[PDB]
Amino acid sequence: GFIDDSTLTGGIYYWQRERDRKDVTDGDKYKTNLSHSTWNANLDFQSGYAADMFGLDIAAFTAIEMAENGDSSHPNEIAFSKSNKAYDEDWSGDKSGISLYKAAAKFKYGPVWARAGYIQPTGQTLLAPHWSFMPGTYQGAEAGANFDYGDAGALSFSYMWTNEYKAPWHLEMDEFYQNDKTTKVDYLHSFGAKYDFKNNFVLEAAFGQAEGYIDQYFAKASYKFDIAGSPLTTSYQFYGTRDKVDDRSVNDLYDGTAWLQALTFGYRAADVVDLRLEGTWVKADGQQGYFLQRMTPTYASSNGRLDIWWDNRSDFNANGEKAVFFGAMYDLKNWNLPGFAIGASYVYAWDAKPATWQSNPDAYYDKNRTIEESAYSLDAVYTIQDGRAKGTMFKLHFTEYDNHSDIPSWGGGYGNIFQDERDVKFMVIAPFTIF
């Protein structure tokens, strides 16, 4: 039937983290950076469509701190930051709370669809939320269409407009601002599309804008062919960004177009090991010196689509940087341990340049310098195969990151690079269905 085609789901999440970082300015001491244990739990109601045209979605989640070390920095992004609004962030605490993260009317008419309210991007644009356990929330609306041409392929495109955002670690929405936190950005919007040729070749691209400030670009080619009866997946991705403020002020981020280009190769060997080989290439001349996939520069103020994620702490998005990643996920099912997996991954990055200019350079600022970053991580995963708690997943991740330079964190004209690090994450994820 219609709106009593509804569903009600949710989950309970546990997160325990210990991360420390090298302090080059205090005798190379590795010091406590993050140390906490936090709970999350959510509830998600999604209606059917009445007359196949009208629906309602409502969802909320809560964070409840258990443990926190005194020397832990903030925000840890799992709890709520003590600062409700992103542009008020002052880095001094975390707290418990309840946040309404979905609150939307949804519509369907023919091949057309729309959502308006408290929403996440779901179509073809380059707007995106941050993801903790739960996603961030935009205030705005999205509309799109899907046109199926059978074997000829299928086309879909969509448009999203928004004027406020909250990251999953913020209890309230905030408006958008330039890099100075005071010049107003009236809205973010984005149009994008996707063509599926039905031959395992897919094209996607999208254009975005932050009103009066930034133009953002996305493009991705995907292909899947079989080698030895198993799919080898491949893709080239292009991410670019431009601003409209070239006057050497605090708001001028990029000289000329900034971009990140990526190549992707994936393959499952012997139906038992997931294999990843990926590389990225970044250009970011100007004052910032690193690429951002989001159209607002301030931390947590918005987010954009980025299909590249290596879970090795660094962003590897510095001005000249080139980087390579290999990861292996070994399914232990043939040791008769189905649902256990173990993995390791490794990143090496070189040719990392700093910003091309600085208004307040520091002692380490050398415009022609290049540095290298590297990292490796180990992974252990277990999903409960059956019983009362079938689906419950336990996860343990360890990362060691090395900077390869004596430059203290955030210094030397590398605004998005921190010092050497060892990070350990343990999470439990326990879904549930009410309807």
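Numbering starts at 1 and runs along the sequence shown.
Judged by mean Cα B factor in the deposited record, 346-354 ranks above the other of 296-304 and 346-354. Averaged over Cα atoms, the B-factor as recorded in the entry is higher for 360-368 than for the other of 204-212 and 360-368. Looking at the C-alpha B-factors along this chain, the one for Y30 belongs to the highest third. Per-chain ranking of the deposited C-alpha B factor places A375 in the middle third. In the PDB entry, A116 places in the lowest third of its chain by CA B-factor. When all modelled residues of the chain are sorted by CA temperature factor, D331 is found within the highest third.
Remark: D71 belongs to the highest third of its chain, ranked by C-alpha B-factor as recorded.
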